[PDB]
Amino acid sequence: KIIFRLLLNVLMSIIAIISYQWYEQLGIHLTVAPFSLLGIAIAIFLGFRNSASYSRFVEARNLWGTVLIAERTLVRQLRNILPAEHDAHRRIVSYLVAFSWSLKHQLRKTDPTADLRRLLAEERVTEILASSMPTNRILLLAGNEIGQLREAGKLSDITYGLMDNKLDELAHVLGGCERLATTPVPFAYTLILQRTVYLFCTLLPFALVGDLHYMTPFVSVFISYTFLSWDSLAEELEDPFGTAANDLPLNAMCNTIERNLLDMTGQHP
Amino acid sequence: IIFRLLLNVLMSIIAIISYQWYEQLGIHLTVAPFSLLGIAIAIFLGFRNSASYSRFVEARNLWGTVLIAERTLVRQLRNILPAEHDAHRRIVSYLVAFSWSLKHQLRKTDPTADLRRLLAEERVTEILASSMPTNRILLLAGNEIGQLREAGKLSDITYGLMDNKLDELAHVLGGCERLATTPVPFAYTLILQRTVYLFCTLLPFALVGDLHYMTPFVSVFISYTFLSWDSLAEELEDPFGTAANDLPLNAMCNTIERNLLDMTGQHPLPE
Amino acid sequence: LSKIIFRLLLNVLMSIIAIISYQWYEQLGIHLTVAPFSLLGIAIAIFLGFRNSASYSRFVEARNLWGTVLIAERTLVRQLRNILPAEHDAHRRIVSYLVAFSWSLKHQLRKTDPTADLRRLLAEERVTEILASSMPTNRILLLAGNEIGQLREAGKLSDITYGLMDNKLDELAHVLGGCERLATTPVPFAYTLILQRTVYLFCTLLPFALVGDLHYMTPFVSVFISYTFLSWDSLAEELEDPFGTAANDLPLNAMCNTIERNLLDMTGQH
Amino acid sequence: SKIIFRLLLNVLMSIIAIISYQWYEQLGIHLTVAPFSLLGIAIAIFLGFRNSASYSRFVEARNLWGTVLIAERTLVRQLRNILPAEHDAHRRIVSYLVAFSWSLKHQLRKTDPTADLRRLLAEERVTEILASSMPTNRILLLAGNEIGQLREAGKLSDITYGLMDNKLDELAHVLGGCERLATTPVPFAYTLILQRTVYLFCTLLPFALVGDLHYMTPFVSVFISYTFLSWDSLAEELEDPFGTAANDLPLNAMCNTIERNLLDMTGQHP
Amino acid sequence: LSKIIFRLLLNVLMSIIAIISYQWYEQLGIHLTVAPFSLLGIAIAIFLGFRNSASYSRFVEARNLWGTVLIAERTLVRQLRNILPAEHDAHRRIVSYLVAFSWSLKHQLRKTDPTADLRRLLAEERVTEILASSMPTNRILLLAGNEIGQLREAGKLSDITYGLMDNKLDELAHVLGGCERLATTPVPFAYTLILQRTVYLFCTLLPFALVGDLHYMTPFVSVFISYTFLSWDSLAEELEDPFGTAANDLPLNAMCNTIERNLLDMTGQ
Ligand SMILES: [Cl-]
Ligand SMILES: [Cl-]
Ligand SMILES: [Cl-]
Ligand SMILES: [Cl-]
Ligand SMILES: [Cl-]
Ligand SMILES: [Cl-]
Ligand SMILES: [Cl-]
Ligand SMILES: [Cl-]
Ligand SMILES: [Cl-]
Ligand SMILES: [Cl-]
Ligand SMILES: [Cl-]
Ligand SMILES: [Cl-]
Ligand code: NA
Ligand SMILES: [Zn+2]
Ligand SMILES: [Zn+2]
Ligand SMILES: [Zn+2]
Ligand SMILES: [Zn+2]
Ligand SMILES: [Zn+2]
Ligand SMILES: [Zn+2]
Ligand SMILES: [Zn+2]
Ligand SMILES: [Zn+2]
Ligand SMILES: [Zn+2]
Ligand SMILES: [Zn+2]
Ligand SMILES: [Zn+2]
Ligand SMILES: [Zn+2]
Ligand SMILES: [Zn+2]
Ligand SMILES: [Zn+2]
Ligand SMILES: [Zn+2]
Ligand SMILES: [Zn+2]
Ligand SMILES: [Zn+2]
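Residue numbers (full-length UniProt numbering), protein chains in the order written: chain A, 23 to 291; chain B, 24 to 294; chain C, 21 to 290; chain D, 22 to 291; chain E, 21 to 289.
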């Protein structure tokens, strides 16, 4: 994709060289100086934009970081507060593991059913799949587990509350991820910046050819590489739950989560 | 926007057909000064759009919190008082009323339909009497939580747990109000817009000396880049203004309503 | 201050002396190209951008702090209604302190006299207590804390519900510090010092380095460049005094009225 | 200004440039503006970022100090509100909190805490504090014992103990925040190399400037040198916000304010 | 031999090559002006500026994370004394776990062996149990959690006071999560890929563009412009791996020492 636009730029430079003979005749002059202005303007704009994209990526990485943290500490509190309640341990862990996988699926816009069935009773799978938000439902069921221990008097209102906070933290992760997935910043205004860099890159050799002659392709490819490299990297970072090269290894992240939670509950991968 | 590009092409054609008369009289326009001007304008547009983007992001975050806090509040009600479905349905009404009412507040549109749909007509009059209707809804949601505590169904601890979620909604209300009765750059936003507008119309006259017939092509391309970047900032600066795209706000209020009905088993339709 | 129209007009005068003294240039041997003024102009524009950023942030923080007053006081009034709906005497006392706090904080930041307002809202005993302090607004918080505190001794609030309302006072305490910190810590003077020199000197020497290129079109270009750098410099001017009384500053009286109106709407037996 | 030295030194180099411009072709030395435009702008961009990074450190340092005032204020309020009678505890706790500020200032300035410590506390304590290589942390632990004892005594519940405990946490965070900004500087490549670069650019600039400016060069080069060197030295100043320079923090004024605040009116309250 | 001085000396040679070969330009048909190399270099600087910005923030984040370790450990030991002044048995056990956590984290981020430092601090029954887990640092927190848990079950801590100390474990959990997130997820390798190529190629081709305008002045001006760009680029590289072993990286050994000495001073050791 990047190499296609680079090859088309080498070609366009040749078009500029072979048709430079016609330049004076057809009545067209093109200096470097105006293209330097527009060039720098674009660079400034790509610089800010690209930084904005990196921010989103870092936030996305961060939210997933919190899934692991919150889940670890929720399991920790369960063990420290109710060390004898290993039934509750196992079931809650099931939901927390389910939550992660379901979040991966949600963000990937794929089917959660395989993973859900692996981890949970089929009655719960139907309840979870029935909801507009399966991750929200999973949190509600994990909520019932601690909520029932509270009714049984095995948790106090304080110790229920400490565990409730972690579910609250997971709610916040889910909200943040949902926010980052459903936020393409006006669909037109990324396509409009892209068509700008593109149109600048292909008109540049035409302007460069006066000053450079046969060097035109070598300089024009180098400039275009730089600008396109930057533009496309910003594109990858913008959508961090995607399946692109420089996007979050969400399946690996989910494995780490499950393994951690299994390690904490005396069980073996 | 497309008017201003057509105005630019018109200004370019003027600059071609008049280049002869004026540059001979002793009035010249080089590219080097308009390059300094344009780069500085770009730098300023760069920083400007940065401030704009951050207002846009804060708006998204605040609205994200509505979703989050309302969800966790309804979770807490279900987990702490599994039996109290009448309380569940009342609190869910206000929470959904809160979202629509806040949207209507920011967009400066009429909430009446949404309130009449969600709430008892006594409550709707109380809410519509107030000069701060969104706050009033929050207060009502409060009483429901308060009555449950008074009835001994919530302890001070568990009342407290739900109370935090109402604070979170309060923070969202305020943050939004501050992002609405705005901006913080107090109508300089019209000066930079004109600074761009004038720079784009004087530019063909600076460029024609170097480009002759190519001028309308190169001048419109530059103008496009600057005017687009300026337009984007203006759009982002004002996430709740009467001209903004209302899709995501509506999408948000719909999401939460749907979520909440699901959470209280009002969905799906019974078999 | 609209010195922007003075300096724009001084710039026209600076172009005029440049056009007519342009002959006496090579005689002396003084030449001024655009190129090194592009380098300087760019460098000045970067530093102007980074500075205006700081200026902007400080203004936003001022808004946020004031925004929190409204939030924390709304919620503290709410809490009192839902937790103690019978206790309208306590409601009215706490409310009057909260309103007092807002007004007192405004007067403090504006360096004006809070006495009139305090006396409108509070008992002369309390006014005396507040004004006796070297930190009046902080003392109002202490008094508001005392009402909440009494309710706790009386047993109308548990340690838990006491705690829920204390946090709101902690928030108003962060507003108070915030505002104080802002009022005493400007964007460092050096910035606005350095930049005010370089931006003015630049706008002055510019028509001199443009006339060689522009002959007669020097006023209309040097002005348009100058207006651009000065607009952007004066934007920082109009954003660095958020607590003032100027048109561009925060409408703190209006905000205080908004606060008072809000807390009165929340009370009235309904 | 160490700038006034290097600004005059720039004028001397810019005379050398005016006299040498004939001999350029003799010595074989062509030197256009455009390469130094590229290098200058690159340096401006890097100065902009560096300076922004420094201001951040300034701002964070200021904020952490702000929290000291806030947290200490509310912790006194909490004691005045929850235990209104316990003045001996109030007085003891306040003296530790005041010790905390001065102690921290001395820690960050690397000066002797003993003067200010003796002014405020019992001599047994002044030696317990001085015996620890972490004096500020020690003071905190001491303030911690005071609220702890009030709880062993059953004068505070677990809840009301917690409310105060949180405020000591907040101060621990300031301590850590301040230690991080102090013991961790902005890495020495950032300062050492960037200063070489700005100055080496500043000396060479007139040599490439003559061709265009002829006689005007010493002015237009000093103006450029001012702009660049000002920005770099200001960055260098703000990087170390607990230092003693002009644009650094008034740490002495701040601890005076903290003290005046806690001790307001012989420490008497309504 | 120091990467930076080598790439400078390659650039002084690139300049003499450009001087000696300037004659052949006219004949071979290769015209190279400064104007487009200004556009290129400026763009590269902007992108270098923004990139360096990201690398700095990552370094700063790592610093804050370690700052929190010290803060949270200090206040947890402080709480232990103020709430349970008699229970020095528990003080010593918890302090040893808290010091273990610091060292374990250090070793984890350094990909080095925690055994020596852990054996120095803890009983053998514990050290093997901890090292048996694939998440040893997380395991140490679960064990510190247990101490707090036992003290609660023994009635020595109330639910409230248990809560107060539990939040301090939560804080350490976040540090661990944050640190792991920084160690495993780098600043996207595309940033180094793109910018290392583009800077190097730009510095190399530059004298060939400068030579027409600068002649024998070329080497001096070219090495200077190279130095400015290469220094900035390598500074970003040194800031990007803050858990490394360089002198420019975080003195993690010093910090862990400060932590240990700190918590021993607090208990009377
Ligand atoms: Cl956590
Ligand atoms: Cl387990
Ligand atoms: Cl929440
Ligand atoms: Cl229901
Ligand atoms: Cl609140
Ligand atoms: Cl239900
Ligand atoms: Cl009332
Ligand atoms: Cl506080
Ligand atoms: Cl009322
Ligand atoms: Cl802490
Ligand atoms: Cl001990
Ligand atoms: Cl001890
Ligand atoms: Na906790
Ligand atoms: Zn022609
Ligand atoms: Zn957490
Ligand atoms: Zn178990
Ligand atoms: Zn929340
Ligand atoms: Zn229900
Ligand atoms: Zn022409
Ligand atoms: Zn549904
Ligand atoms: Zn709040
Ligand atoms: Zn009332
Ligand atoms: Zn003002
Ligand atoms: Zn606080
Ligand atoms: Zn007292
Ligand atoms: Zn000369
Ligand atoms: Zn903490
Ligand atoms: Zn001990
Ligand atoms: Zn023993
Ligand atoms: Zn080993």
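Quick reminder that beta carbons are idealized off the backbone N, C-alpha and C, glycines included.
Comparing alpha carbon positions, the residue from C/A229, C/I91, C/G264, C/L272 closest to C/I37 is C/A229. Note that the C-beta distance between A/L162 and B/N72 is not below 9 Å. Taken through DSSP and simplified to helix, strand or coil, A/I50 comes out as strand.
Think of a sphere of 8 Å around the beta carbon of E/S153: the chain A residues whose beta carbon falls inside it are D285, in chain order.
Collapsing the DSSP output to three states places B/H127 in a helix. When beta bridges are read from the DSSP output, B/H235 appears opposite A/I50. Put simply, the backbone Cα of E/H194 is about 48 Å away from that of A/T224.
For D/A193, the uninterrupted alpha helix (DSSP H) segment begins and ends at 179 to 204. At least one CB atom of chain C sits nearer than 9 Å to the CB of D/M237. Taking 8 Å as the upper bound for CB-CB distance, E/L138 and E/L283 are not in contact here, some 16 Å apart.
With a cutoff of 8 Å, E/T95 does not count as near ligand 28, since its C-beta is closer than that to no heavy atom of the ligand. Collapsing the DSSP output to three states places D/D253 in a helix. At least one heavy atom of ligand 26 is found less than 8 Å from the C-beta of D/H235.
With 16 or more neighbouring CB atoms inside 10 Å of its own CB, C/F121 falls in the buried class. Shown here for D/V32: same chain residues with a beta carbon closer than 7 Å to its own, the five before and five after excluded, namely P239, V243 in chain order. Around the beta carbon of C/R27, a 10 Å sphere encloses 16 or more other beta carbons of the protein chains shown; the residue is thus reported as buried. B/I91 has its CB no nearer than 8 Å to any heavy atom of ligand 21. D/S58 has a beta carbon lying within less than 9 Å of a beta carbon in chain E. Contact between C/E260 and C/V207 holds, since their C-beta atoms are separated by about 6 Å, short of 8 Å. Residue side-chain check: B/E191 places its Cβ nearer than 8 Å to a non-hydrogen atom of ligand 3. Residue C/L151 holds the alpha-carbon nearest to the alpha-carbon of C/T132 among C/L151, C/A164, C/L21. Of the candidates E/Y45, E/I91, E/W86, the residue whose Cα lies closest to the Cα of D/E191 is E/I91. Residue environment for C/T88: buried (at least 16 other C-beta atoms within 10 angstroms of its C-beta). In this structure, the straight-line span from the alpha carbon of D/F209 to that of D/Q216 is close to 11 Å.
Contact with chain E is found for D/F70, since one of that chain's Cβ atoms lies less than 9 Å from the residue's Cβ. At a cut-off of 8 Å, the beta-carbon of D/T181 does not count as near ligand 30: no heavy atom of the ligand is closer than that. Nearest CB-CB separation between D/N268 and chain E: not below the 9 Å threshold.
Excluding the 5 residues flanking it on each side, C/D186 has same chain C-beta neighbours closer than 8 Å at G165, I168, in chain order. Of all residues, those with a beta-carbon under 6 Å from at least one heavy atom of ligand 23 are C/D261, C/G264, C/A266, C/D269, reported in chain order. Straight-line measurement puts the Cα of D/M286 at about 20 Å from the Cα of C/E200. In summary, the residues of the stretch 184 to 203 of chain D whose CB is separated from some CB of chain E by less than 8 Å are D186, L189, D190, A193, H194, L196, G197, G198, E200, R201, in the order they occur in the chain.
Two segments are said to touch when three or more pairs of C-beta atoms, one from each, lie closer than 8 Å; by this definition the stretch 41 to 53 of chain D does not touch the stretch 37 to 54 of chain C. Excluding the 5 residues flanking it on each side, B/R172 has same chain C-beta neighbours closer than 6 Å at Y182, in chain order. Nearest in C-alpha terms to C/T157, of all of C/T148, C/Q128, C/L184, is C/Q128. CA-to-CA, the gap between A/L141 and B/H108 works out to about 30 Å.
In this structure, C/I160 sits near C/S124, with a CB-CB distance shorter than 9 Å.
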